[PDB]
Amino acid sequence: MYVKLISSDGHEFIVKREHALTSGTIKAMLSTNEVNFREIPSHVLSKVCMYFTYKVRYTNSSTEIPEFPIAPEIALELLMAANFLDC
Amino acid sequence: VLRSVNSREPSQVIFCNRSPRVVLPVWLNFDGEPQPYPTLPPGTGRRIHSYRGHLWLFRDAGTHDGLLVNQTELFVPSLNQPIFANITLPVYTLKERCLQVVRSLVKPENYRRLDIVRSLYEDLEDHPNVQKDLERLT
Amino acid sequence: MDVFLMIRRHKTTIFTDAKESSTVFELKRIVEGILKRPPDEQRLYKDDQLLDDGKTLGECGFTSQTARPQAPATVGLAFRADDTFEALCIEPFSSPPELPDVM
Ligand SMILES: CC(=O)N1C[C@H](O)C[C@H]1C(=O)NCc1ccc(-c2cnco2)cc1
């Protein structure tokens, strides 16, 4: 049902297993139920989890899709995480 | 290969910008050449005269990021009264969304000064382009 | 209407959704299924405000306008150790580095 994604600084993110499988890298890391991310800090991983919910909600939807927001200060690190996770 | 059909059959259309971007409507001419049309500010609409079998695509006017029209890439006006062209943001991948944000903040000359992997510098320089999207598209 | 939340305690964050018409108690039953602590051993908060069990999420301020998939609303969580409840404590996320010169 749920999986645990742990950031470099020890924050634990509990997300729906299906939402987390949106990432091919995560699927591979799972096949606990727990994945440790040595290079992904919590301010980046929290945004990755928001992306999963956003993607699962807005994919194959006729509703007006809002912009996914990214603060400039997080952009570089989030790009590195998205690249690794194939998100 | 991807071109408008010279039907000469008028078709009134409403370009409806349901996105937060400035929209660039692009008509594919009889030779398949992309032809830009006047831009649409966010949230606005335009009643335009087009023709049956004509091909349109929509891009962000400033960055050329691809947009959706009636949930697909291409819009073909059909038989009428006016046809609605509902322009929206796609659900971009997280990586593409990050590339868009980084491109909006960093001058292309300065991409090589960012502390990232070489492969990401190449992804940053590989800007969205209508020509690349058209070829192909097969 | 679906509402999107972050249920937070110490260094734990649960990403979940619920109905606006669902109750604070029903959210505690979600936390129980995940963290294995019964609803009577939990306190839920909106900011510093303690939330009542019988209240719906909408009445608590969690609406479709304020609890979006891409910007979820925070629900604070505190556990009862033995007979006493611990104070509400949410560890902040890490700080981003300074924006680089060319940004
Ligand atoms: C060959 C021709 O007459 N075409 C090609 C396309 O089917 C559109 C049509 C055309 O040029 N119609 C006039 C027109 C003028 C302004 C716009 C317009 C204005 N703002 C966004 O689009 C659209 C169509």
# chains A, B, ... in the order shown; residues from 1 in each chain; ligands from 1
$ closest_atom_pairs --of "chain C" --to "chain B" --cutoff "12 Å" --atoms "only C-alpha atoms" --output "CSV"
residue,atom,partner,partner_atom,distance
C:70,CA,B:94,CA,11.8
C:99,CA,B:105,CA,10.5
C:100,CA,B:114,CA,8.1
C:101,CA,B:114,CA,9.6
C:102,CA,B:106,CA,6.2
C:103,CA,B:105,CA,5.3
$ residues_near_ligand --ligand "ligand 1" --cutoff "6 Å" --atoms "only C-alpha atoms and all ligand atoms" --output "VMD selection string"
chain B and resid 37 to 39 48 to 51 54
$ write_last_selection --atoms "N, CA, C and O atoms" --output "PDB file, in the first residue's frame"
ATOM      1  N   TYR B  37       1.517  32.497 -36.003  1.00  0.00           N
ATOM      2  CA  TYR B  37       0.369  33.406 -36.046  1.00  0.00           C
ATOM      3  C   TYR B  37       0.386  34.299 -34.791  1.00  0.00           C
ATOM      4  O   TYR B  37       1.174  33.993 -33.891  1.00  0.00           O
ATOM      5  N   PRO B  38      -0.383  35.425 -34.711  1.00  0.00           N
ATOM      6  CA  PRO B  38      -0.318  36.281 -33.508  1.00  0.00           C
ATOM      7  C   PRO B  38      -0.525  35.514 -32.208  1.00  0.00           C
ATOM      8  O   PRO B  38      -1.337  34.585 -32.155  1.00  0.00           O
ATOM      9  N   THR B  39       0.247  35.888 -31.184  1.00  0.00           N
ATOM     10  CA  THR B  39       0.237  35.222 -29.886  1.00  0.00           C
ATOM     11  C   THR B  39      -1.032  35.490 -29.086  1.00  0.00           C
ATOM     12  O   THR B  39      -1.677  36.505 -29.301  1.00  0.00           O
ATOM     13  N   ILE B  48     -10.902  32.754 -34.959  1.00  0.00           N
ATOM     14  CA  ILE B  48     -10.057  32.758 -36.141  1.00  0.00           C
ATOM     15  C   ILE B  48     -10.722  32.050 -37.337  1.00  0.00           C
ATOM     16  O   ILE B  48     -11.537  31.139 -37.163  1.00  0.00           O
ATOM     17  N   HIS B  49     -10.378  32.503 -38.552  1.00  0.00           N
ATOM     18  CA  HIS B  49     -10.833  31.908 -39.805  1.00  0.00           C
ATOM     19  C   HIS B  49      -9.755  30.932 -40.280  1.00  0.00           C
ATOM     20  O   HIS B  49      -8.621  31.333 -40.535  1.00  0.00           O
ATOM     21  N   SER B  50     -10.105  29.657 -40.358  1.00  0.00           N
ATOM     22  CA  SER B  50      -9.227  28.615 -40.853  1.00  0.00           C
ATOM     23  C   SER B  50      -9.970  27.778 -41.884  1.00  0.00           C
ATOM     24  O   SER B  50     -10.958  28.236 -42.442  1.00  0.00           O
ATOM     25  N   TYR B  51      -9.478  26.585 -42.190  1.00  0.00           N
ATOM     26  CA  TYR B  51     -10.072  25.757 -43.235  1.00  0.00           C
ATOM     27  C   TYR B  51     -10.039  24.318 -42.808  1.00  0.00           C
ATOM     28  O   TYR B  51      -9.178  23.934 -42.014  1.00  0.00           O
ATOM     29  N   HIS B  54      -6.709  21.797 -42.370  1.00  0.00           N
ATOM     30  CA  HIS B  54      -5.514  22.589 -42.041  1.00  0.00           C
ATOM     31  C   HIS B  54      -4.899  22.118 -40.720  1.00  0.00           C
ATOM     32  O   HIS B  54      -5.623  21.657 -39.854  1.00  0.00           O
TER      33      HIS B  54
END
$ residues_around --residues "stretch 79-96 of chain C" --least-positions-apart "6" --cutoff "12 Å" --atoms "only C-alpha atoms" --output "VMD selection string"
(chain A and resid 7 to 13 40 to 47 71 to 78) or (chain C and resid 6 to 13 28 31 to 32 35 to 50)
$ write_last_selection --atoms "N, CA and C atoms" --output "short mmCIF file (atom, residue, chain, number, x, y, z; two decimals), in the first residue's frame"
data_model
loop_
_atom_site.label_atom_id
_atom_site.label_comp_id
_atom_site.auth_asym_id
_atom_site.auth_seq_id
_atom_site.Cartn_x
_atom_site.Cartn_y
_atom_site.Cartn_z
N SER A 7 15.26 10.68 2.96
CA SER A 7 16.18 11.68 2.41
C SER A 7 17.56 11.56 3.04
N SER A 8 18.58 12.25 2.45
CA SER A 8 19.96 12.26 2.93
C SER A 8 20.06 12.72 4.40
N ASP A 9 19.20 13.67 4.80
CA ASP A 9 19.14 14.22 6.14
C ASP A 9 18.19 13.45 7.09
N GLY A 10 17.74 12.26 6.69
CA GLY A 10 16.91 11.41 7.55
C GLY A 10 15.40 11.65 7.59
N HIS A 11 14.85 12.56 6.76
CA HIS A 11 13.40 12.75 6.75
C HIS A 11 12.77 11.56 6.05
N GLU A 12 11.69 11.03 6.63
CA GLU A 12 10.98 9.88 6.09
C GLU A 12 9.68 10.32 5.43
N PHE A 13 9.55 10.02 4.14
CA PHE A 13 8.40 10.36 3.32
C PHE A 13 7.60 9.10 3.05
N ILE A 40 19.80 12.76 -1.97
CA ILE A 40 18.61 13.60 -2.10
C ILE A 40 18.18 14.22 -0.78
N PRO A 41 18.38 15.54 -0.60
CA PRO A 41 17.97 16.16 0.66
C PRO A 41 16.45 16.31 0.74
N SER A 42 15.92 16.52 1.96
CA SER A 42 14.48 16.60 2.22
C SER A 42 13.75 17.71 1.47
N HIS A 43 14.39 18.90 1.25
CA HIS A 43 13.77 20.01 0.53
C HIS A 43 13.56 19.70 -0.95
N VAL A 44 14.27 18.66 -1.45
CA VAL A 44 14.16 18.18 -2.83
C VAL A 44 13.18 17.00 -2.86
N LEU A 45 13.38 16.00 -2.01
CA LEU A 45 12.51 14.81 -1.95
C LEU A 45 11.04 15.14 -1.63
N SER A 46 10.76 16.16 -0.82
CA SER A 46 9.36 16.56 -0.53
C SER A 46 8.68 17.02 -1.84
N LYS A 47 9.41 17.77 -2.66
CA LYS A 47 8.95 18.23 -3.97
C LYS A 47 8.76 17.09 -4.97
N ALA A 71 10.50 26.61 -7.03
CA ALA A 71 11.22 27.79 -6.56
C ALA A 71 12.61 27.80 -7.20
N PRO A 72 13.16 28.97 -7.60
CA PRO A 72 14.49 28.98 -8.22
C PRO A 72 15.61 28.31 -7.41
N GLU A 73 15.57 28.43 -6.08
CA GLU A 73 16.56 27.93 -5.12
C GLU A 73 16.68 26.40 -5.05
N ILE A 74 15.61 25.69 -5.47
CA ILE A 74 15.51 24.23 -5.46
C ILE A 74 15.72 23.60 -6.86
N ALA A 75 15.54 24.41 -7.92
CA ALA A 75 15.61 24.01 -9.32
C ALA A 75 16.80 23.15 -9.73
N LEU A 76 18.05 23.55 -9.40
CA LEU A 76 19.23 22.77 -9.76
C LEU A 76 19.26 21.38 -9.15
N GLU A 77 19.02 21.29 -7.84
CA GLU A 77 19.02 20.02 -7.12
C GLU A 77 17.87 19.13 -7.54
N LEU A 78 16.68 19.72 -7.77
CA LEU A 78 15.52 18.97 -8.21
C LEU A 78 15.77 18.37 -9.61
N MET C 6 -0.15 16.61 3.76
CA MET C 6 1.13 16.17 4.31
C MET C 6 0.87 16.06 5.81
N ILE C 7 0.86 14.83 6.34
CA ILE C 7 0.67 14.60 7.78
C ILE C 7 2.08 14.50 8.36
N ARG C 8 2.44 15.46 9.21
CA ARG C 8 3.80 15.60 9.69
C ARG C 8 3.99 15.51 11.18
N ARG C 9 5.03 14.75 11.58
CA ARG C 9 5.45 14.58 12.97
C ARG C 9 6.93 14.32 12.96
N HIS C 10 7.71 15.09 13.74
CA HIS C 10 9.17 14.96 13.88
C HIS C 10 9.81 14.95 12.47
N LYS C 11 10.44 13.81 12.06
CA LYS C 11 11.04 13.66 10.73
C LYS C 11 10.21 12.74 9.81
N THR C 12 8.93 12.54 10.13
CA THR C 12 7.99 11.74 9.33
C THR C 12 7.01 12.67 8.60
N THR C 13 6.73 12.38 7.33
CA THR C 13 5.77 13.09 6.48
C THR C 13 5.00 12.05 5.67
N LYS C 28 -7.29 10.08 11.32
CA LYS C 28 -6.57 9.35 12.38
C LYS C 28 -6.56 7.83 12.08
N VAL C 31 -3.83 7.31 9.54
CA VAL C 31 -2.54 7.35 10.25
C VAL C 31 -2.28 6.03 10.97
N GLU C 32 -3.33 5.45 11.58
CA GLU C 32 -3.26 4.17 12.29
C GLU C 32 -2.84 3.03 11.36
N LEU C 35 1.15 4.18 10.56
CA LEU C 35 2.08 4.29 11.69
C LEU C 35 1.80 3.36 12.87
N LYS C 36 0.71 2.58 12.78
CA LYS C 36 0.29 1.58 13.77
C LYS C 36 0.06 2.12 15.18
N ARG C 37 -0.57 3.30 15.26
CA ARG C 37 -0.91 3.95 16.53
C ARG C 37 -2.39 4.28 16.50
N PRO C 38 -3.17 3.81 17.49
CA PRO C 38 -4.63 4.04 17.45
C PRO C 38 -5.05 5.51 17.50
N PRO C 39 -6.26 5.85 17.00
CA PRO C 39 -6.71 7.27 17.03
C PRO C 39 -6.68 7.96 18.40
N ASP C 40 -6.91 7.22 19.51
CA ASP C 40 -6.87 7.75 20.88
C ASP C 40 -5.46 8.13 21.34
N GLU C 41 -4.43 7.65 20.62
CA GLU C 41 -3.04 7.96 20.90
C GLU C 41 -2.50 9.06 19.98
N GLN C 42 -3.41 9.74 19.24
CA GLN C 42 -3.08 10.78 18.27
C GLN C 42 -3.80 12.09 18.52
N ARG C 43 -3.12 13.19 18.18
CA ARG C 43 -3.65 14.54 18.15
C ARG C 43 -3.29 15.12 16.78
N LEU C 44 -4.28 15.66 16.07
CA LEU C 44 -4.08 16.30 14.77
C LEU C 44 -4.25 17.79 14.92
N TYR C 45 -3.42 18.56 14.20
CA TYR C 45 -3.38 20.01 14.30
C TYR C 45 -3.40 20.69 12.93
N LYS C 46 -3.99 21.89 12.87
CA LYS C 46 -3.86 22.77 11.72
C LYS C 46 -3.04 23.91 12.32
N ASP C 47 -1.77 24.04 11.90
CA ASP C 47 -0.83 24.99 12.48
C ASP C 47 -0.72 24.64 14.00
N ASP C 48 -0.97 25.59 14.91
CA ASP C 48 -0.91 25.29 16.34
C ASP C 48 -2.27 24.86 16.93
N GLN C 49 -3.33 24.85 16.11
CA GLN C 49 -4.68 24.55 16.56
C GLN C 49 -5.01 23.07 16.58
N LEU C 50 -5.46 22.58 17.74
CA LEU C 50 -5.90 21.20 17.90
C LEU C 50 -7.23 21.00 17.17
#
$ closest_residue --among "C:51, C:61, C:33, C:27" --to "chain A" --atoms "only C-alpha atoms"
C:33
$ atom_distance --atom1 "atom CA of residue A:48" --atom2 "atom CA of residue B:130"
29.0 Å
$ interface_residues --of "chain A" --to "chain B" --cutoff "12 Å" --atoms "only C-alpha atoms" --output "number ranges by chain"
A: 22-23, 44, 47-87
$ write_last_selection --atoms "N, CA and C atoms" --output "short mmCIF file (atom, residue, chain, number, x, y, z; two decimals), in the first residue's frame"
data_model
loop_
_atom_site.label_atom_id
_atom_site.label_comp_id
_atom_site.auth_asym_id
_atom_site.auth_seq_id
_atom_site.Cartn_x
_atom_site.Cartn_y
_atom_site.Cartn_z
N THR A 22 5.76 5.47 -10.17
CA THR A 22 5.74 6.43 -11.27
C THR A 22 7.23 6.62 -11.77
N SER A 23 8.22 6.29 -10.88
CA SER A 23 9.66 6.33 -11.10
C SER A 23 10.17 4.91 -11.34
N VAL A 44 14.27 18.66 -1.45
CA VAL A 44 14.16 18.18 -2.83
C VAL A 44 13.18 17.00 -2.86
N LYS A 47 9.41 17.77 -2.66
CA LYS A 47 8.95 18.23 -3.97
C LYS A 47 8.76 17.09 -4.97
N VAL A 48 9.62 16.06 -4.92
CA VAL A 48 9.51 14.85 -5.75
C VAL A 48 8.16 14.15 -5.42
N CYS A 49 7.84 14.00 -4.12
CA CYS A 49 6.58 13.40 -3.64
C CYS A 49 5.35 14.22 -4.10
N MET A 50 5.43 15.55 -4.08
CA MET A 50 4.38 16.45 -4.59
C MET A 50 4.18 16.24 -6.09
N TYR A 51 5.28 16.00 -6.83
CA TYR A 51 5.22 15.71 -8.25
C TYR A 51 4.43 14.43 -8.54
N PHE A 52 4.69 13.33 -7.79
CA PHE A 52 3.99 12.05 -7.92
C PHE A 52 2.50 12.24 -7.78
N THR A 53 2.05 13.00 -6.74
CA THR A 53 0.62 13.25 -6.51
C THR A 53 0.05 14.05 -7.66
N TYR A 54 0.75 15.12 -8.09
CA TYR A 54 0.38 15.98 -9.22
C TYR A 54 0.24 15.16 -10.51
N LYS A 55 1.22 14.28 -10.80
CA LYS A 55 1.23 13.45 -12.01
C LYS A 55 0.07 12.46 -12.00
N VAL A 56 -0.16 11.77 -10.87
CA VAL A 56 -1.24 10.79 -10.75
C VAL A 56 -2.61 11.49 -10.87
N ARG A 57 -2.75 12.71 -10.32
CA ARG A 57 -3.99 13.47 -10.40
C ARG A 57 -4.31 14.01 -11.79
N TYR A 58 -3.32 14.67 -12.45
CA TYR A 58 -3.52 15.37 -13.71
C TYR A 58 -3.31 14.62 -15.00
N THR A 59 -2.72 13.41 -14.94
CA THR A 59 -2.52 12.53 -16.11
C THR A 59 -3.88 11.95 -16.58
N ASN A 60 -4.13 12.01 -17.91
CA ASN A 60 -5.37 11.53 -18.57
C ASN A 60 -6.61 12.23 -17.99
N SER A 61 -6.48 13.56 -17.78
CA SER A 61 -7.51 14.43 -17.20
C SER A 61 -7.86 15.54 -18.19
N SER A 62 -9.16 15.83 -18.35
CA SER A 62 -9.63 16.88 -19.27
C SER A 62 -9.73 18.24 -18.57
N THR A 63 -9.60 18.23 -17.21
CA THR A 63 -9.59 19.38 -16.29
C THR A 63 -8.45 20.32 -16.72
N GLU A 64 -8.55 21.64 -16.42
CA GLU A 64 -7.44 22.56 -16.72
C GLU A 64 -6.29 22.15 -15.77
N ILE A 65 -5.12 21.89 -16.34
CA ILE A 65 -3.92 21.48 -15.64
C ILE A 65 -3.17 22.73 -15.15
N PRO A 66 -2.90 22.84 -13.83
CA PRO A 66 -2.12 23.99 -13.35
C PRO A 66 -0.63 23.70 -13.54
N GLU A 67 0.20 24.76 -13.47
CA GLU A 67 1.63 24.65 -13.59
C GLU A 67 2.21 23.95 -12.35
N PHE A 68 3.22 23.09 -12.53
CA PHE A 68 3.89 22.48 -11.39
C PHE A 68 4.94 23.53 -10.93
N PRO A 69 4.82 24.10 -9.70
CA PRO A 69 5.75 25.16 -9.30
C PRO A 69 7.09 24.66 -8.77
N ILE A 70 8.17 25.34 -9.13
CA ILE A 70 9.53 25.05 -8.67
C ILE A 70 10.22 26.38 -8.32
N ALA A 71 10.50 26.61 -7.03
CA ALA A 71 11.22 27.79 -6.56
C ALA A 71 12.61 27.80 -7.20
N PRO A 72 13.16 28.97 -7.60
CA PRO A 72 14.49 28.98 -8.22
C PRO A 72 15.61 28.31 -7.41
N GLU A 73 15.57 28.43 -6.08
CA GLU A 73 16.56 27.93 -5.12
C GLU A 73 16.68 26.40 -5.05
N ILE A 74 15.61 25.69 -5.47
CA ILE A 74 15.51 24.23 -5.46
C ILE A 74 15.72 23.60 -6.86
N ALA A 75 15.54 24.41 -7.92
CA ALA A 75 15.61 24.01 -9.32
C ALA A 75 16.80 23.15 -9.73
N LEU A 76 18.05 23.55 -9.40
CA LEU A 76 19.23 22.77 -9.76
C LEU A 76 19.26 21.38 -9.15
N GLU A 77 19.02 21.29 -7.84
CA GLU A 77 19.02 20.02 -7.12
C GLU A 77 17.87 19.13 -7.54
N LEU A 78 16.68 19.72 -7.77
CA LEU A 78 15.52 18.97 -8.21
C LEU A 78 15.77 18.37 -9.61
N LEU A 79 16.48 19.11 -10.49
CA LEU A 79 16.84 18.66 -11.83
C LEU A 79 17.74 17.42 -11.73
N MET A 80 18.74 17.45 -10.83
CA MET A 80 19.66 16.31 -10.60
C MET A 80 18.89 15.09 -10.09
N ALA A 81 17.96 15.28 -9.12
CA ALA A 81 17.11 14.20 -8.60
C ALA A 81 16.20 13.63 -9.72
N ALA A 82 15.50 14.49 -10.49
CA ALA A 82 14.60 14.09 -11.58
C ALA A 82 15.33 13.29 -12.65
N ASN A 83 16.56 13.71 -12.97
CA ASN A 83 17.44 13.02 -13.91
C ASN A 83 17.77 11.59 -13.42
N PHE A 84 18.12 11.42 -12.14
CA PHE A 84 18.47 10.11 -11.56
C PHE A 84 17.26 9.20 -11.48
N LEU A 85 16.12 9.74 -11.01
CA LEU A 85 14.87 9.02 -10.80
C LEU A 85 14.10 8.73 -12.10
N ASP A 86 14.53 9.33 -13.23
CA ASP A 86 13.86 9.28 -14.55
C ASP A 86 12.37 9.66 -14.37
N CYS A 87 12.12 10.82 -13.72
CA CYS A 87 10.82 11.41 -13.34
C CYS A 87 10.36 12.44 -14.39
#
